[PDB]
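Have a look below at one chain only, the form deposited in one PDB entry, in structure tokens format.
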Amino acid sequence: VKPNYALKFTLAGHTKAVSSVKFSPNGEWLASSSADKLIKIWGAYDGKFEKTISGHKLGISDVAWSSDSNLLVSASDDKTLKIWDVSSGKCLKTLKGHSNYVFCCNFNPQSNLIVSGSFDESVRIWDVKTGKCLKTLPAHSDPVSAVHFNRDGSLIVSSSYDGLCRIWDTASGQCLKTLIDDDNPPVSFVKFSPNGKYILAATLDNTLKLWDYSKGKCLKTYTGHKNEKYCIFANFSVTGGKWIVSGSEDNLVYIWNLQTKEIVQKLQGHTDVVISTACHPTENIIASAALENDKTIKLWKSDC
């Protein structure tokens, strides 16, 4: 039993590589960021372009939605993050403190904190209300590739090209667990599972791994795609069948069975590296985005 994702829309408008796509928690919008310094908003169901949000001085690596589906945070090469009111398009706050490119960001579930990771090798935790940096974590010894809060915001996971994944206590900023691998390949992406018990980590040896971080045990490995250079976003798909979804440097979206680890679908259509994928919160819909030869976002729909 396999999904049957088929192409529904191709969304054009970005003028450089797309860097990230994320669905709103309420499912109605997709937000995308790009090396073109812009955030764009698109209808999730009809793929209709809604608006452009501008203000950053350099390219944007990541965007993320608050739980209310109306604030967005973005991470830019201009060394800042910005918090935006999507309704108005206005920048509410600029979060200053990183000393180099900001690569990744996320709100906590409560929507009162933002976590960021940077080329400066640090993870920062920011107060949404005041825009002040609450904590600077000396997290890694190379750029931070991803940061993600768990289900209740009590923990942060971070990854780095230094080859480590680390689990942090949010309130105290303490490192509770370092996950290591002999051979030490750069970790290009990480996120918690929906229940918070596992982390899914991508390494630049063409491998995704599902870890029980408390036990330091690797439970599943997903292979067969190409990932040797970029932070490529991966996802747990949970609306129908239980899948793992990722982009790939061979221009395809890969979908695996979470339990069996078999590749169940490869989605063809992009003409450059698929840098980012996102899974819709309630429908069997995937968004995918690609680098400069392509510059488009695609929306795909499945029966399961």
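What we label the rigid core is the largest C-alpha set whose atoms superpose within 1.5 Å from one form to the other. Don't overthink the numbering: it's just position in the shown sequence, from 1.
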item: Greater Cα displacement in 8 other deposited structures of this protein once the core is superposed, comparing 150-158 with 179-187; value: 179-187
item: 151-159 or 217-225, whichever carries the higher mean Cα B-factor; value: 217-225
item: 112-120 set against 203-211, stretch whose average Cα temperature factor tops the other in the entry; value: 203-211
item: Of the residues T80, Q174, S145, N106, the one carrying the largest Cα B-factor as recorded; value: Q174
item: Given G27, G241, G43, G59, the residue at which the Cα B factor reaches its maximum; value: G241
item: Chain-wide C-alpha B factor ranking for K8, given as lowest, middle or highest third; value: middle
item: For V86, the third of its chain into which the C-alpha B factor falls; value: highest
item: Assigned third (lowest, middle, highest) for the C-alpha B factor of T271; value: middle
item: Third assignment of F189 from its chain's C-alpha B-factors; value: lowest
item: Third of chain Cα B-factors occupied by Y101; value: lowest
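As for the form solved in complex with a partner chain, it is not shown, yet the points below apply to it.
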| property | result |
| --- | --- |
| Contact of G55 with the partner chain in the bound PDB entry (heavy atom, 4.5 Å) | no |
| Distance check, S61 to the partner chain in the bound PDB entry, heavy atom within 4.5 Å | yes |
| Contact flag, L291 vs the partner chain in the bound PDB entry, heavy atom cut 4.5 Å | yes |
| Exercise: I286 in contact with the partner chain in the bound PDB entry, heavy atom 4.5 Å | no |
| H225, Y254 and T296 all contacting the partner chain in the bound PDB entry, non-hydrogen atom within 4.5 Å | no |
